[PDB]
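Observations on the three-dimensional arrangement
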Amino acid sequence: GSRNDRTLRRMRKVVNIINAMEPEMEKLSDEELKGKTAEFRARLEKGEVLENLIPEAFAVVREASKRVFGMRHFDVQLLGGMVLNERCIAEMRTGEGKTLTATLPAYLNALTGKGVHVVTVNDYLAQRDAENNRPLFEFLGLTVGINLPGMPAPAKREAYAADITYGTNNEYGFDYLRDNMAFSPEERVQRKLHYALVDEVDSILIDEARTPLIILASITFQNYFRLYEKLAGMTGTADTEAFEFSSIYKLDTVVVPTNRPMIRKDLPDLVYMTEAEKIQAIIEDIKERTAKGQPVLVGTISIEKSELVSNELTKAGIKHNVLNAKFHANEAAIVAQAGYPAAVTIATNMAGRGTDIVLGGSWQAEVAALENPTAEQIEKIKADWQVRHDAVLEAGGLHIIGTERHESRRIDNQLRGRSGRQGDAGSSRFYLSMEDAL
Amino acid sequence: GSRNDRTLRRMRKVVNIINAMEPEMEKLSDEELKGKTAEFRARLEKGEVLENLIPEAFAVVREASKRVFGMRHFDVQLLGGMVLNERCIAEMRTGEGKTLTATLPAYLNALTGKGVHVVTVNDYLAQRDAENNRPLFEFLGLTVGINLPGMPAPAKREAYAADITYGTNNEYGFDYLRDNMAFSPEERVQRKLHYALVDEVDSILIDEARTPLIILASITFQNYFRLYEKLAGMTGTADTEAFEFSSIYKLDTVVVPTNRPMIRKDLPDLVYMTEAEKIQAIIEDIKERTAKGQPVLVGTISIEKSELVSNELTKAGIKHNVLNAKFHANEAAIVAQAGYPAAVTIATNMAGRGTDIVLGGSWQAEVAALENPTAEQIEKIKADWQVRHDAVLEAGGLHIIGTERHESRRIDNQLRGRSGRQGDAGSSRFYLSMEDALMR
Ligand SMILES: Nc1ncnc2c1ncn2[C@@H]1O[C@H](COP(=O)(O)OP(=O)(O)O)[C@@H](O)[C@H]1O
Ligand SMILES: Nc1ncnc2c1ncn2[C@@H]1O[C@H](COP(=O)(O)OP(=O)(O)O)[C@@H](O)[C@H]1O
Ligand SMILES: [Mg+2]
Ligand SMILES: [Mg+2]
């Protein structure tokens, strides 16, 4: 309430400062910029306050980013970074740029030398992120490691050896369980847990409250993140159980504002008597908007209903797509194009979570699909796509339709978010069923 | 070889010493005996050498035992105790008294205050053992805890709080996994791992090293016992995989000699062509010896063959019994009576492992089955049983028949051991198939 305000206003000013250092940093040469880290390390080494070089450090990361990726951190992203450095939960909507916002607090912390642990929901994302978030990090003179399941102890010492590490909550935890069952300390792959930046905190710290089972026993990984000196998370959904975050991990939730006004239209739930009445009113809806030239993603609670709705959808003569959270790699390729004017995708709970759905398709997947990277063909794609885009927009952007509400609204909010991002005009609808009286 | 000898001879002398202190300790009053622990604690507290009060400490445990249970530790048992205090694997045959031999090294170690972890193959045994091994321990002024699966954290702090604790390898391990996923140290149920005495070491440290699957992750409790300051084990089969014990846990195997000469007769494997030829030659064999008045246990590799042989055995008109390692508690009650002159039992891999099969039945289960514990009726059982006993013996004691050899001889040796214990005359037979005898 007035608390979220005073706290946002609080650092909102520190944000203004960062923007003031922009004309300066804009001048420092590449070598002078890169070497900005040495200075920060010395400064800190001299015992200077951690949270003291935040405005200056964040100003650097923005600059490097703008130079390496050509992406200037939105001040709202800076706002988010700051929250991520305080044992807070920065809530930022889907499409807001959490992936890049983390380079900020991950850079500030990756200076002391203790390492930084960015957590993700799955292996594909963890590596994917590290992969294309690395150039910014290698520029600023840091090393990025990727921790995965089948990595021999040697490799894992490497991935945890870097200044910045990426992995999934499980593997990190599993490594910790395995390090305790270690022969000799020199056989351990981790180090003293320092800072953990959790991407999709709710998913990781709340839904993953469902114990794993050893077979016969069962344990949880709840407390694993409480062993970290610094624990911080980010998500596009947190205010729901915003109380549980502090009752366990003592994490204060800060709802960051969006960059561009959120104009997506969340339509009222239409209730039907039978499952058939539902699935039929939706295939009738997609089939409709389809012609209109508007893309539409469908969400299902489980593969179960996902399969069923898939056939009922192909039966009405409709070429759709299905993602069951099995092949993240490939699903991701597909979800990244569900923004094409004529596109229908059926995703499950954690189907293509993590891939930004650009209105009108993603031309980058188009250019990366041409052995001949010439500034000529790209133009007839970066401008060709541009057409499909504004077209899809005029057509009300992306429309998602929940086949059913989850036990937790938070969950069936993650679905909505896949739409109307970075200011995009889109819409969402939920189709409930009376027959769901179970 | 000459190594096992020099090492056995080595402590064999320390054994002689223990026997010399017997006439002395025999005089100390109950209170003076019990208070023998205080002295040991003080002595050690004064910084005296651990392995220095072994001959004296073991002499005490024998005395207390002789008094509380009325069981004087065989010197060979004392031999075993010693081995169990050195990061060794004391190999002692089935029926040799491992359960009581552990009170020795478990007492020596349960003095420093760090606790002692006796490991068993299953929950039933772990509690069963603590239960009726306690009186000796409470006498000598020590507390005994029992760690089990559904015990709330509170309870578990208790069981690990005692001087001596009993549980299964898994639960101990599981506790350790759960202690690492603890909120705050004050939420942990274990203490720093000190001494672990593994009963049935091969089973626990070799067969069990099969990796539990987290659900996805794969880890092994192989290293769990390597975190213990002191690791020691005991079994009636270790000499086989004696090399793997040191290549992982660095444990030297010591083959302790038996109390009474081992006269059981292990007969040659009879190979048959078909499974029917097998199961038929065995039901023909048990049906035979049955009449003779000799009991016979059958071992199967899995419940699979166990069920099959059970029907084929009842089909020939034979009242038998079956244990599938499901209800340890009950099976145990039954295995303890498979020594009755006319008894047929079909057990699986880990069916009634742990229960000593007395020739002629177990009268103790008979006396404990009478609300009226009078010195009168017991006599007509302790002397009545005595008849069945010598009778079963003359009939060649217990005869076990393996329905099929296991991948590891060690395993199908555990079967044999269920017979001919403490000197008993018995016999064992293995019935293989042709599509096996082709060992090539
Ligand atoms: N500061 C920025 N400037 C320009 N584009 C950005 C910026 N930050 C993020 N993006 C783009 O917007 C999308 C939103 O990023 P994403 O990683 O999917 O974050 P989130 O998890 O919040 O949805 C990305 O695909 C990225 O290409
Ligand atoms: N010192 C002893 N004096 C008398 N009986 C003993 C002694 N030690 C062991 N026994 C008996 O011999 C049997 C062997 O015990 P058990 O627990 O089955 O050990 P093991 O693991 O060697 O088979 C027990 O039933 C017990 O009654
Ligand atoms: Mg993301
Ligand atoms: Mg035993």
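Residues numbered from 1 in each chain as written, not as in the entry; some residues may be left out. Chains lettered and ligands numbered in written order. Heavy atoms only, no water.

In its metadata, the entry names X-ray crystallography as the structure determination method and reports 3.000 Å as the resolution.

What follows covers the sheet that holds strand 3 (residues 144-146) of chain A. Through backbone hydrogen bonds, the strands of a sheet pair up, either in parallel or in antiparallel fashion. All names here are of chain A. Sheet architecture is open: seven strands sit in the order 3-4-2-5-8-1-9, paired in parallel fashion. With one partner strand each, in any of the chains shown, strand 3 and strand 9 (252-255) form the two edges of the open sheet. For this sheet, the mean angle separating the axes of adjacent strands, direction not counted, is 20°. Where strand 1 (residues 88-91) meets strand 8 (residues 230-235), three bridges bridge the pair, whose relative direction is parallel. Looking across to strand 8, one finds that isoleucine 89 is bridged to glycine 233. Across the sheet, helix 9 (residues 123-131) is in contact with strand 2 (116-120), strand 3, strand 4 (164-168) and strand 5 (195-199); its angle to strand 4 comes to roughly 160°. (Pairing = 2+ DSSP bridges. Helix = DSSP H or I, 4+ residues; strand = E, 2+ residues; numbered from the N terminus. Axes fitted to C-alpha atoms, helices over the stretch in contact; angles between N-to-C directions. Contact = heavy atoms within 4.5 Å.)

What follows concerns unusual backbone geometry. Notably, A:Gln422 is not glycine yet its phi reads approximately 40°, a positive angle. Structurally, the position occupied by A:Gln422 is in the loop between helix 21 (411-417) and strand 16 (427-433). Non-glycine residue B:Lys250 carries a positive phi angle of around 50°. Mapped onto the elements, B:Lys250 comes out in the loop between helix 14 (244-248) and strand 9 (252-255). Here B:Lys250 falls in the exposed class, since its relative accessible area comes to 60%. (Buried < 20%, exposed > 50% of the residue type's maximum accessible area, 1.4 Å probe, protein only.)

This part covers the nonpolar core. Membership of the largest hydrophobic core comes to 58 residues, with the highest contact counts inside it found for A:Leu205, A:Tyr224, A:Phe225, B:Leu205, B:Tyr224 and B:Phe225. Among the secondary structure elements, those contributing two or more residues to this core are helix 12 (169-180), strand 5, helix 13 (201-205) and helix 14 (244-248) of chain A together with helix 12 (169-180), strand 5 (195-199), helix 13 (201-207) and helix 14 of chain B. Each residue touching B:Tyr224, except ones within four places of it in the same chain, is listed here: A:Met181, B:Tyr172, B:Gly173, B:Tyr176, B:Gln190 and B:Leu193. (Core = buried A, V, L, I, M, F, W, Y, C linked by side-chain atoms within 4.5 Å.)

All names here are of chain B. The environment of ligand 2 is formed by 14 residues, the closest being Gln77, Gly95, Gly97, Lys98 and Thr99. Between a nitrogen atom of ligand 2 and a main-chain N or O atom of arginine 72, the distance comes to 2.9 Å. Contacts to ligand 2 include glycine 97, whose backbone N or O atom sits 2.9 Å from an oxygen atom. Protein contact buries 76% of the 570 Å² of open area that ligand 2 shows by itself. (Near = heavy atom within 4 Å. Polar contact = N/O pair within 3.5 Å; in protein donor to acceptor, adjacent residues only side chain to side chain. Areas by Shrake-Rupley, 256 points an atom, 1.4 Å probe, with all protein chains shown as cover.)

To continue, consider the packing of helix 1 (residues 2-20) of chain B against helix 6 (residues 75-83) of chain B. Residues and elements named next belong to chain B. One way to put it is that helix 1 packs onto helix 6 with a least axis distance of 9 Å and a crossing angle of 120°. Classed by the angle they form, the pair helix 1 and helix 6 counts as oblique. As helix 1 runs across helix 6, the sense of the crossing is right-handed. Judged by residue contacts, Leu8, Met11, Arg12, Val14, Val15, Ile18 and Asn19 of helix 1 engage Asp75, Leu78, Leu79, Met82 and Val83 from helix 6. For the contact of helix 1 with helix 6, the per-class residue count stands at nine nonpolar, one polar and two charged. (Parallel < 35°, antiparallel > 145°, perpendicular 65-115°, else oblique. Left-handed = near helix turned anticlockwise from the far one by under 90°. Nonpolar A, V, L, I, M, F, W, Y, C, P; charged D, E, K, R; others polar.)

Take the domain arrangement of chain A next. All names here are of chain A. If you check the domain split of chain A, you get domain 1 (1-260) and domain 2 (261-438). The interface is formed by 20 residues belonging to domain 1 together with 18 residues belonging to domain 2. For the pairing of domain 1 and domain 2, the buried interface totals around 1500 Å² over both sides, and the portion due to carbon and sulfur atoms is 49%. Measuring nitrogen to oxygen at the nearest pair gives 2.5 Å for the salt bridge that ties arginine 410 to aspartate 207. Counting the contacts that link domain 1 with domain 2 gives nine residue pairs in polar contact. The element contributing the most residues to the side of domain 1 that touches domain 2 is helix 9, with three residues. (Domains from an automatic or database assignment. Buried area = accessible area lost by both parts, 1.4 Å probe. Salt bridge = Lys/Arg side-chain N within 4 Å of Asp/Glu carboxyl O.)

On to the domain arrangement of chain B. All names here are of chain B. Assigned domains of chain B: these are domain 1 (1-260) and domain 2 (261-440). Put simply, the middle of domain 1 and the middle of domain 2, counted by C-alpha atoms, are 29 Å apart. Listed as interface residues are 20 residues of domain 1 and, on the opposing side, 19 residues of domain 2. Carbon and sulfur atoms supply 49% of the area buried between domain 1 and domain 2, which totals about 1500 Å² over both sides. Considering only the surface of domain 1 that becomes buried against domain 2, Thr94, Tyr124 and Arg260 emerge as the three largest contributors, covering 35% of it. Our enumeration of links across domain 1 and domain 2 arrives at three salt bridges. Here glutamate 241 makes a salt bridge to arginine 410, at a shortest N to O gap of 2.8 Å. At the surface where domain 1 touches domain 2, the tally comes to nine residue pairs in polar contact. For the side of domain 1 that touches domain 2, the elements supplying multiple residues, two or more each, are helix 9 (123-131) and helix 13.

Residues and elements named next belong to chain A. The environment of ligand 1 is formed by 14 residues, the closest being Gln77, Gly95, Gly97, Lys98 and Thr99. Within the backbone of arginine 72, an N or O atom sits 3.2 Å from a nitrogen atom of ligand 1. Between ligand 1 and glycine 95, the relevant distance is 2.6 Å, taken from an oxygen atom to a main-chain nitrogen or oxygen of the residue. Its free accessible area being 570 Å², ligand 1 has 73% of it covered by the protein chains. Grouping the amino acids of the shell around ligand 1 by side-chain chemistry returns three nonpolar, six polar and five charged.

All names here are of chain A. Of the two faces of strand 14 (residues 344-347), the one holding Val344 and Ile346 and the one holding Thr345 and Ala347 are both buried throughout. Where strand 12 (residues 296-299) lies against strand 14, four bridges are found, and the strand directions are parallel. Directly across from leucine 297, in strand 14, lies its bridge partner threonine 345. With two bridges joining them, strand 13 (residues 322-323) and strand 14 adopt parallel strand pairing. Bridged to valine 322 within strand 14 is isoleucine 346. Taking the sense of rotation as the criterion, the β-α-β connection linking strand 13, helix 17 (residues 328-335) and strand 14 turns out right-handed. (Right-handed = clockwise from strand over helix to strand, strands pointing away.)

What follows concerns the sheet that holds strand 9 of chain B. Residue and element names in this part refer to chain B. Spatial ordering of the open sheet is given by 3-4-2-5-8-1-9, a layout of seven strands whose pairing is parallel. The open sheet has two edge strands, strand 3 (144-146) and strand 9, and neither has a second partner. The sheet shows a mean angle of 20° between the axes of neighbouring strands, taken without regard to direction. Where strand 5 and strand 8 (residues 230-235) come together, five bridges link them in parallel fashion. Across the sheet, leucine 197 pairs through a bridge with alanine 232, a residue of strand 8.

On to the interface of chain A and chain B, then. Contact with chain A, which involves 23 residues of that partner, is made by 20 residues of chain B. With both chains or domains summed, chain A and chain B bury close to 2000 Å², and 71% of this area falls on carbon and sulfur atoms. Where chain A meets chain B, there are zero salt bridges. Linking chain A with chain B are four residue pairs in polar contact, by the criterion used here. With five residues, helix 12 of chain A is the single largest residue contributor to the side of chain A that touches chain B.

The next thing to look at is the packing of helix 12 of chain A against helix 12 of chain B. Their axes nearest at 10 Å, the elements helix 12 of chain A and helix 12 of chain B cross at an angle of 125°. In this view, helix 12 of chain A runs oblique relative to helix 12 of chain B, as classed from their interaxial angle. Between helix 12 of chain A and helix 12 of chain B lies a crossing of right-handed hand. Where helix 12 of chain A abuts helix 12 of chain B, its residues A:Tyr176, A:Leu177 and A:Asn180 lie against B:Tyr176, B:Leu177 and B:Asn180.

Together, A:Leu213, A:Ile215, A:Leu216, B:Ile215 and B:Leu216 make up a nonpolar patch on the protein surface, roughly 560 Å² of accessible area in all. Examined against the element boundaries, A:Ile215 turns out to sit in the loop between strand 6 (213-214) and strand 7 (217-218). The class for A:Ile215 is exposed, based on a relative accessible area of 55%. (Patch = residues over 30% accessible without salt bridge, like charges linked within 9 Å, V, L, I, M, F, W, Y side chains within 5 Å.)

Our next topic: the pattern of salt bridges. Residue and element names in this part refer to chain A. Following the criterion strictly, the structure yields 69 salt bridges over all chains and no others. Two residues, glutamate 63 and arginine 67, come together in a salt bridge whose shortest N-O distance is 2.8 Å. Here the residue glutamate 63 and the residue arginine 67 both occupy positions in helix 5 (residues 54-68), the gap between them amounting to four residues, near one helical turn. Looking at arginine 67, the relative accessible area reads 31%, which means it is partly exposed. Taking the shortest distance from any N to any O, the salt bridge between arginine 93 and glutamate 91 comes out at 2.9 Å. Here the residues in one salt-bridge network are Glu22, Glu26, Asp30, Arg62, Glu63, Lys66, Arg67 and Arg72, joined through shared partners.

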